[PDB]
Every structure is written in C-alpha cells, then in structure tokens.
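The structure appears below as structure tokens.
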Amino acid sequence: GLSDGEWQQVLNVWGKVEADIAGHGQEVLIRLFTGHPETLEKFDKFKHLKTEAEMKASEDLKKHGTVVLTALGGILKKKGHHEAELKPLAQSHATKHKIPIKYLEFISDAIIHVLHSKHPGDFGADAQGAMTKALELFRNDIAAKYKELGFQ
Ligand code: MNR
C-alpha cells in the first residue's frame, strides 16, 4: 500500500485538480482520446468528435470530465479503503462499458501528463511517485474485480 506520507502527497496534488476540476477533466479526456483514438469508440456520446477543436468545444465532454475526476477524487480520499466506491465502478466498466484494463492504464498515464502540463515544475519527483502509486492501486483493485468477472 501507500504510506501515510505518500497519501498526504497524493491528496496535496489532488488540491490542484480540485481548484479546476472541469479543466483537468477535459485535458485528461482529450489526452486519452487524441493519444488513443480507439478509446473514443467506447463512448457513443463522443464518437461524433472528429477533431481536437471539436473535443475542446464540447461542453458535454467537460461535464463528463467532472464526473470522472469527482469519482476518482472520492476514491483517492478513502486512502485505499475504497471497496464500496471501487466495486460498482469496476463492475459497470467491465459489464456495461466494456473498458479493457489497458484503457485504465492509458488514463492513469494521461492524468500524470496533464498534471505536468498544467503545473510544470510544480509536480515534483515525490509527488509523481505518490500519485503513480495511488493510480496503480486503483487500477490493480479494478483488475482484481475484472478477473473475478473474467472480463478481457
Ligand atoms: C476508455 C474509456 C473509459 C475509461 C478509461 C474510463 C475511465 C474512468 C475512470 C478512471 C479514472 C473513472 C474514475 C471513471 C468514472 C466514470 N465513468 Mn468511465 N471512468 N465511462 C466510460 C468509459 C471509460 N471510463 C463510458 C463509455 C461511460 C458511460 C458514458 C456515457 O455514455 O454516459 C463511463 C461512465 C463513468 C461514470 C458514470 C457512472 C458509471 O457508468 O459507472 C463514472 C463515475
């Protein structure tokens, strides 16, 4: 797991996200979609987005980004004690949305990139280590539920 020190770093970094949840959410999803266009195909509500301009101009994409990061922030504030929060997400993503664990890897990487991009020189080596661990824990606990369901 993460240490107390590490959790404190994670939630300190998260303060940056909470100051502009929509901006961060948008950039995360744009980073995902542009870097991995197959991921866009998982969203019937975003498949019409043919260009990054169109993505950037989509109010609904920003709305979804807020939903995404709000759910993730809920999970993070539980400091690993997130069974109740993570289980239904694991299950809707495997059973309904059909999201391979690789895509969760993609978005984890996207969050790290976006933090650097929006906060260059203000997301230190310790911060990245702690946030990376938190995102890995999240991914790994989802992966456990995916295996349970035989998904992917
Ligand atoms: C590649 C695509 C996918 C990735 C990566 C991904 C990653 C993540 C992620 C990682 C940080 C979090 C947190 C996250 C959280 C959510 N997510 Mn998700 N998600 N996610 C979808 C695709 C993906 N998610 C789709 C498709 C829907 C339904 C969208 C709609 O039509 O309204 C959805 C829906 C949702 C919803 C709405 C409730 C539900 O349906 O369970 C939340 C919350």
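Quick note: residue numbers are just sequence positions, from 1.
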Exercise. Evaluate side chain to side chain contact (heavy atoms under 4.5 Å, CB included) for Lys63 paired with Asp60, printing each intermediate quantity in order.
Key: CA-CA 5 Å; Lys63 183 193 185 168; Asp60 198 50; 3.6 Å; yes

Closest contact, heavy atoms only, [X] versus [Y]:
| X | Y | result |
| --- | --- | --- |
| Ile101 | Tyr146 | N-CE2, 3.7 Å |
| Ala127 | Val13 | CB-CG2, 3.6 Å |
| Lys145 | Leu86 | CG-CD2, 4.5 Å |
| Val10 | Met131 | O-CE, 3.6 Å |
| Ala22 | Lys62 | CB-CG, 3.5 Å |
| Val28 | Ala110 | O-CB, 3.9 Å |

If you measure from [atom1] on [X] to [atom2] on [Y], what distance do you get to the nearest 0.5 Å?
| X | Y | atom1 | atom2 | value |
| --- | --- | --- | --- | --- |
| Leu11 | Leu76 | CG | CG | 7.0 Å |
| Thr132 | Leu135 | OG1 | CG | 6.5 Å |
| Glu27 | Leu115 | CD | CG | 10.0 Å |
| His48 | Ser58 | NE2 | OG | 5.0 Å |
| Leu29 | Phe46 | CG | CZ | 6.5 Å |
| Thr39 | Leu32 | OG1 | CG | 3.5 Å |

Practice problem: Tell me, please, which residues at least two apart from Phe106 pass ring-ring contact (aromatic ring centres under 6.0 Å, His included). | Solution: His36, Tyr103

Within 6.0 Å of [atom1] in [X], more than 12 heavy atoms from elsewhere:
| X | atom1 | answer |
| --- | --- | --- |
| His81 | NE2 | no |
| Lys87 | NZ | no |
| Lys79 | NZ | no |
| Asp4 | CG | no |

Is the backbone N or O of [Y] less than 3.5 Å from a side-chain atom of [X], with the two atoms forming a donor-acceptor pair by type?
| X | Y | answer |
| --- | --- | --- |
| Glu6 | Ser3 | yes |
| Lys98 | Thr95 | yes |
| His93 | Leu89 | yes |
| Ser117 | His113 | no |

Self-check item: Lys/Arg N to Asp/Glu carboxylate O, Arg31 vs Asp109, below 4.0 Å
Solution: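 Looking at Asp109 together with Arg31, the answer is no, because their closest N to O distance does not fall below 4.0 Å.
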
Self-check item: Note: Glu105-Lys102 ion pair, threshold 4.0 Å (strictly below)
Solution: yes

Quiz item: What's the verdict on side chain to side chain contact (heavy atoms under 4.5 Å, CB included) for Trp14 and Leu72, showing C-alpha distance, side-chain angles and the deciding distance?
Solution: CA-CA 10 Å; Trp14 194 256; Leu72 183 57; 4.1 Å; yes

Quiz item: Going through the distances and angles, do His97 and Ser92 end up as a side chain to side chain contact (heavy atoms under 4.5 Å, CB included)?
Solution: CA-CA 6 Å; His97 311 312; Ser92 67; 3.9 Å; yes

Exercise. Report the C-alpha distance between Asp122 and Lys16 in whole Å, list the side-chain angles of each, state the deciding distance to 0.1 Å, and finish with yes or no for side chain to side chain contact (heavy atoms under 4.5 Å, CB included).
Key: CA-CA 10 Å; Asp122 192 36; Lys16 295 175 151 53; 2.9 Å; yes

Quiz prompt | Intermediate values then yes/no, salt bridge (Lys or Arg N to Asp or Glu O under 4.0 Å), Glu85 and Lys78 | solution = CA-CA 9 Å; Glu85 292 83 3; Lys78 289 303 299 288; 3.2 Å; yes

Self-check item: Residue pairs, two or more places apart or on separate chains, that pass salt bridge (charged side-chain N to carboxylate O under 4.0 Å, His left out) and touch residues 33-59
Solution: none

Exercise. Could you check whether the rings of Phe123 and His116 sit parallel, tilted or perpendicular, using 30° and 60° as the cut-offs?
Key: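 It falls in the tilted class, 30° to 60°.
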
Quiz item: For the ring pair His82 and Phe138, is the centre-to-centre distance below 6.0 Å?
Solution: no

